[PDB]
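Okay, here we've got a single chain as structure tokens, the form deposited in one PDB entry, with questions on binding and movement later.
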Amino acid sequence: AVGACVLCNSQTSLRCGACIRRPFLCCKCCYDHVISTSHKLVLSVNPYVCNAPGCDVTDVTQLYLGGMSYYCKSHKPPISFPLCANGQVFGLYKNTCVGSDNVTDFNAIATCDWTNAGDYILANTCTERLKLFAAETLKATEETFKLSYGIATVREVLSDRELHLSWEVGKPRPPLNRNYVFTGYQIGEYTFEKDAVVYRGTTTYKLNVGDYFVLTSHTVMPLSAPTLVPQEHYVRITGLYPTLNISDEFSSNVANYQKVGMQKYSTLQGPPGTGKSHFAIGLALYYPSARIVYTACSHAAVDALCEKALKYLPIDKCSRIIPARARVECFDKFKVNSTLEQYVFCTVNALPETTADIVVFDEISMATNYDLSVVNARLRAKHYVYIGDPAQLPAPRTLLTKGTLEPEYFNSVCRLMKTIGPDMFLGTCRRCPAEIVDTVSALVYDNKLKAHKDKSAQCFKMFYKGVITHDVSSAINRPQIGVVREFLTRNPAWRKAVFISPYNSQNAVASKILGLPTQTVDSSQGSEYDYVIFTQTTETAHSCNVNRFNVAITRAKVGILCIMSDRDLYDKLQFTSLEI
């Protein structure tokens, strides 16, 4: 019942009983909270509630200290004092309290519902202590809301991959995509796609009628470590030992590797195809005796670093850390769960508590402030390297419905990269034809991204609005897909292209009609393909977001066809226009 104030670190015996996280607040900060919000329940060693029989007064502003007990105005003894007085709520340490001038920001964080983009803006521009409080509060709210979705029970099993579901009446249904993972009853985790529903299970299990699926929730632990440790700048390389014979394949990053060793943490912005994994793995080659923990949010990102390390690092010194409660198939070519190896590859959620000379945290645009705090709490390192690109996509915020979240507010690292700039920048795209490079360089990179490749003359655009149908909220554009079918009859080298759309439902229609592999933009992040076919599908904030569009067109190595709905983005594509 005694702790440190979330706003000013002062010792206190008070917590707000109305905030979902029950934060400690000192006598001064607690006053500013209760006098300006609906939160009136104050918790101490004992709760601040009227102590007379039958009384239900719990509003601290209507409560008084009589002796050592609390009473309302109708029950207080003649010798009593108001609990709220002199800008202070009575509690222990009433004279050491410092107070804070940021309580207004606390009050907004503590009372918002996380549906507006301004809640996330405030969560990223406040003090460091408030950032943790907002991250914890948001995550709890997100987790509790998962209880709002209905239960799904199998009515019949059509095949090994299709079934008919029964949805609980009185509650909304979750969208059926690869981001919504249900737990079956425990017969493993399942995902559903679109009355027949396509089901994918962790193991091939004989599903029965009556088995049910529940959205996988999770308890939310408190945070203690900052999103970023305080910065330090050193006179020379600290804790690391450079080689003298780094191969020329990695020598262009030597100066950047030196800078990594001169500061506590450093940020690297790497636009698509500019060599992020190459940078990350070369860091180990330049500091060959360093213990390096490579981490990121998704298994796919960690597995991509593993594939890179397999080519260049000693395999006997690598371990992939896979949580015992297995879920998906991870990289399998390293020793598994040998936490003490020199090179450890692990998703954030599964990080062991250990130390390292260097922590590399990849795909930083996808991280949240909760992730960044978890990484600092579990990994004590001499150097932290944050790799990513704030012009790519963030983690979906399931509660946000009003307003768009700009890159500067994705997390603390993206905020630094957007405000003061990244410590390092990989400036040459080696993956994409120059038509793409030139488009995105002007679109999101202030013309700072250079093309190494020539124009391919296989980059095409077509302006075709089509017809927009919907499966709930996921959009479909059958005319746009018909145009693609026509294109394929006349361009047989594209038979091997990957279809990309901003919508799962569109992708599903394309799979059946066109026969091509399909991917959503968001799931295509970190991937590359020779030929890509993109159908914008609709003109929405989702389909026109510049970060998503950047990602979409930068997956292609040789050629891309973009069937567009928005005039602005169509015009900016530096491609050859196709007729019809």
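Residues carry their position along the shown sequence, with the first being 1.
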Can you check if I292 is missing its coordinates in at least one third of the other PDB entries compared, counting only those that model the residues either side of it? no
Are coordinates for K453 absent in a third or more of the other compared PDB entries? no
According to the PDB entry, how many deposited residues between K194 and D195 are absent from the model (none, 1 to 3, 4 to 9, 10 or more)? 4 to 9
Deposited residues absent from the coordinates between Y185 and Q186, none, 1 to 3, 4 to 9, or 10 or more? 4 to 9
Averaging the C-alpha temperature factors as deposited, the higher value of 90-98 versus 134-142 falls on 90-98
When mean C-alpha B-factors in the record are compared for 218-226 and 322-330, the larger belongs to 322-330
Among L147, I292, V348, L449, which carries the highest Cα B-factor? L147
Out of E435, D357, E189, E363, residue topping the C-alpha B-factor column of the entry: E189
Within this chain, which third does the Cα B-factor at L25 fall in: lowest, middle or highest? highest
Ranked by Cα temperature factor within the chain, is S247 in the lowest third, the middle third or the highest third? highest
According to the PDB entry, is the CA B factor of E232 in the bottom, middle or top third of its chain, that is, lowest, middle or highest? highest
Quick tally, chain-level thirds of C-alpha B-factors: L14 sits in the highest
Mind checking which third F499 falls in for C-alpha B-factor across the chain? lowest
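Another form, the form deposited in another entry, is not on view; read the next lines as being about it.
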Of the options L285, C544, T111, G261, the one placed at the hinge where rigid parts change between this form and the one not shown is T111
